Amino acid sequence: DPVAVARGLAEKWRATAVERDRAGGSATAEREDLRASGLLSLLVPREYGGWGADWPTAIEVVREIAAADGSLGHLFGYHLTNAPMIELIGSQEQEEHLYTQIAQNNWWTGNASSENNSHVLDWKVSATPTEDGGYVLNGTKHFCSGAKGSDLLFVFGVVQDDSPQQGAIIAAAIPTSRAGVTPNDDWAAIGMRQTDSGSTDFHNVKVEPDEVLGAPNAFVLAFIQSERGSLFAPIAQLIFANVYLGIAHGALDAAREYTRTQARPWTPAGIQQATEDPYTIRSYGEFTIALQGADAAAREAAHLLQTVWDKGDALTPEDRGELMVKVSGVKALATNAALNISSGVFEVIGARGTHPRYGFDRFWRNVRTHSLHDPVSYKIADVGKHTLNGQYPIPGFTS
């Protein structure tokens, strides 16, 4: 039972949660806890030595981790999205080989893939074709996800060459240890402090022909067609949404423990028990109700993702558009609820809860930081276009 294991880890990590958030840097010990749990192979099919969990289950595990630790929930969650990329645009052979390696070695996968807000011809990583059919990568991917301690790195380069392949996005899974590859200890933010999201430098990094995933530009092709690879954004976006919800629960659970044990009643109002204050009770109702709505919608969306996933290549553009719209909604609901709860929970906690030893602002800092990955306003607009005009989002990395 993967969820139970996550629960186990969450208990272990909670004793160091405040300190780790304060220290920042890499959460090396905890990453190792995860590796030892066997959880890294959660979505790898059983036949290759994985758990073969479904998306709903996998998302529950993400949520557990995110509640204990935003950074870890993001690290793990993003790790999960990587390997599916193989099933999505990679060959059958690449699929057997890579899934087997990840599962057998308990590999951390890492990401130096999309530049979500740059034209391909401006991407900072070039892929220059070699005559043996591979590529060499050069430049700095400024925003990465868990490249730093990874074993297998998923990288995108752009042929910026005046090749006939010019502007093609090249996807590859290469060892992080390969010469030329330098994941920097580069990451600094007010929140998500231990997500290892700094830059990686690529210096004449060779990509072997069999390390290349699908044809040149295979991702962009899959998007335009709404073929199976277009499931990328829906998957990443739903994981993110559920990280936020996990963080919201964590903040709410922390708050209530505190309210029960440490919070003092406002005596000038004649209140004798903090847990009996009518406004404190109302606030807890409102937090819970916001989560109840957002969680239920996230679960629907997870079953929908499963259904679409199980259709394999027979999925329609409508299937994927409907799923993306659903997920856009969840992303919005989760952003708004996690921000509101993470900040709001202070009101029922009181002045003493502002002490650094509680680290109570960490839940907000975590959500506030990652929720800026891609603008929630366009998630909302995409839902509105669909409701009003029947339009589907333009498939990309974030939609």
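Residue indices: 1-based, along the sequence shown.
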Looking only at CA atoms, which has the higher mean B factor in the entry: 266-274 or 163-171?
-> 163-171
Could you settle it for me: does 288-296 or 196-204 have the higher average Cα B factor in the PDB entry?
-> 196-204
Residue set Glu211, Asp151, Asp253, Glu322, per-entry CA B-factor max assigned to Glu211
Among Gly191, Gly90, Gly73, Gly329, which carries the highest Cα B-factor?
-> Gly90
Sorting the chain's modelled residues by C-alpha B-factor, tell me whether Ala381 ends up in the lowest, middle or highest third.
-> lowest
The third of the chain into which the C-alpha temperature factor of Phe240 falls is the lowest
Chain third (lowest, middle, highest) by recorded CA B-factor, residue given as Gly246 | lowest
Comparing against every modelled residue in the chain, figure out the third that the C-alpha B-factor of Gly24 lands in (lowest, middle or highest).
-> highest
Would you mind checking where the Cα B-factor of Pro234 ranks among the modelled residues of its chain, as the lowest, middle or highest third?
-> lowest
